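Novice: Just dropping in an experimental structure and the matching sequence.
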Amino acid sequence: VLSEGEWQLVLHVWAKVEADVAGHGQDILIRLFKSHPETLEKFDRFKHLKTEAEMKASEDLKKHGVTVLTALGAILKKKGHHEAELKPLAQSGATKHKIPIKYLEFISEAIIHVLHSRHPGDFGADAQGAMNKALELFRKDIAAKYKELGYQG
Ligand code: HEM
């Protein structure tokens with residue numbers, strides 16, 4: 001679905017993310033919870049954290065951000081050939097945490113927001129478009145996996 005040129009733009013900006021996975025993960029999750037407070041209720045250990053400073057000081061939250069971005073990054077690098085990497089994620093969001101595609105859209109929005117805020121020069125129109133297509137592919141394929149497992153989220 002994505003051309004070679006589009007994948008290169010995606011992997012180019014992702015390399016920037018890998019310069020500080022922890023920091024990007026924190027900003028993305030914090031942005032997620034603020035723009036969509038309902039998503040926070042999915043994390044039990046994450047609500048005695050009332051302020052942005054507390055969320056950033058939380059090593060638990062930081063660890064989770066890296067776990068999330070690391071998994072997404074591995075998938076993006078497969079350039080569409082991610083069935084093997086996607087299967088495990090589908091099981092988690094469909095059998096263990098019940099994460100609807102709508103929430104994946106929310107977090108995709110947070111990802112785009114943080115990428116543009118931290119890397120303007122390397123995340124212009126063409127790059128934003130590519131990332132959007134990559135994340136849409138990801139959400140489409142995981143939704144199909146969700147259904148195979150019996151989850152219509
Ligand atoms: C970019 C998409 C995402 C990726 C790649 C991802 C990846 C992961 C991975 C690798 C884990 C650890 C294994 C597991 O428990 O299944 C995890 C856990 C979890 N994720 Fe997902 N995730 C994503 C999006 C989301 C969203 C949007 C939510 C909710 C609003 C969410 C909520 C959770 C929760 C609650 C856990 C359990 C954590 C714990 O107690 O440490 N994730 N995720």
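Specialist: Yes, it's here. Residues are numbered from 1 along each chain as shown.
Novice: Please work out which residue of the protein is closest to the ligand.
Specialist: When scored by Cβ to the nearest ligand atom, the chain has residue 92 as its residue closest to the ligand, at 2.9 Å. For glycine as for every other residue, the C-beta is placed from the backbone atoms N, C-alpha and C.
Novice: tell me the SS of residue 104?
Specialist: What DSSP: H, G, I helix; E, B strand; the rest coil gives for residue 104 is helix.
Novice: Buried residues in the longest helix belonging to the chain, which are they?
Specialist: If you go by DSSP state H, the chain has its longest helix at helix 125-148. The neighbour-count check on helix 125-148 (16 or more other Cβ atoms under 10 Å) flags 127, 130-135, 137-139, 141-143, 145-146 as buried.
Novice: Closest one to residue 75 out of those residues, please.
Specialist: Closest to residue 75 out of those is residue 138 (6.3 Å), distances taken as Cβ to Cβ.
Novice: Please list all residues in contact with that closest one.
Specialist: Listed by Cβ atoms under 8 Å, 6 or more residues apart in numbering, the contact partners of residue 138 are 72, 75, 76, 82, 86, 104, 108.
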